[PDB]
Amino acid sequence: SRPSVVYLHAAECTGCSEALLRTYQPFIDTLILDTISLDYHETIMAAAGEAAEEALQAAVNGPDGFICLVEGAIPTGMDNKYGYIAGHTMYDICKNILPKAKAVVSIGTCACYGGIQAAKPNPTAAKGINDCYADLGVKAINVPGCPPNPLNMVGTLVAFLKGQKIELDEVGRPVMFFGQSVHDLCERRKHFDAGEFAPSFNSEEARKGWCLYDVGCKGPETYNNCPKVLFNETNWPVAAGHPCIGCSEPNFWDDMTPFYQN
């Protein structure tokens, strides 16, 4: 009766699962007892080994179908052998399961675009989900950030459960959460426009809260809703005095570095 959700982990740091656990609209206990049926999640599930594999297959060959949330990139180097689960490569597992889903959501910058392991020199030839499974007709919705705001992850899911309209931008992201730049939303934008910049972290300008562009802020190139919705209902990097490092942007590891310069 409750809609089936399968959550997969590939090459990831589990940051996205932790973000999910910070959900407050609604809380995670409400989500998995009432709103969905979370039928596979390696971080919290009871079963292990063969019992876990059986739970996963039951879910995937289930009656009502299932929605797949996938965290992490796929390592494709060395015949996909840099990443295994239960004696199967990660490539092989997602190739099998992702086409069976009524829908796929890529959560975190890694599943969306490759992420940290794809950064130069990409030792494992890691690929985001849509790159990797294009050829299979897989077309996931991208919910990036490192990690994403739980409000964006759960929000995307909930809108899908409601048969709602989910407009995407040019790199697959819900415009309802990623349709504006961080900078447009930023409370220090007045300082930017007024040319008021902190020249260093130990300076009066930084102390009075001036713009962080000169110490690297990538807010103007980065699409996310952080200054508007906040993290943990209470803060975001620039408000904590540190520049945005552009973590919801494709290839930010290589394109936004060095982080403390513009």
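Residues carry their position along the shown sequence, with the first being 1.
Across the two stretches, 183-191 and 142-150, the PDB entry reports the greater mean Cα temperature factor for 183-191. Annotation for 54-62 versus 222-230: the higher mean temperature factor (C-alpha) is found in 54-62.
When the C-alpha B factors of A198, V70, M45, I28 are read from the deposited coordinates, the top value falls at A198. Set against one another, the Cα B-factors of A111, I85, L136, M78 in the record reach their highest point at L136.
The deposited CA B-factor of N130 belongs to the middle third of values across its chain. For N122, the recorded CA B-factor ranks within the middle third of the chain. Only modelled residues enter the ranking. Ranked against the other modelled residues of its chain, the C-alpha B-factor of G115 as given in the entry falls in the lowest third. In this PDB entry, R207 carries a Cα temperature factor that places it within the middle third of its chain's modelled residues.
When the modelled residues of the chain are ordered by C-alpha B-factor, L33 sits in the highest third.
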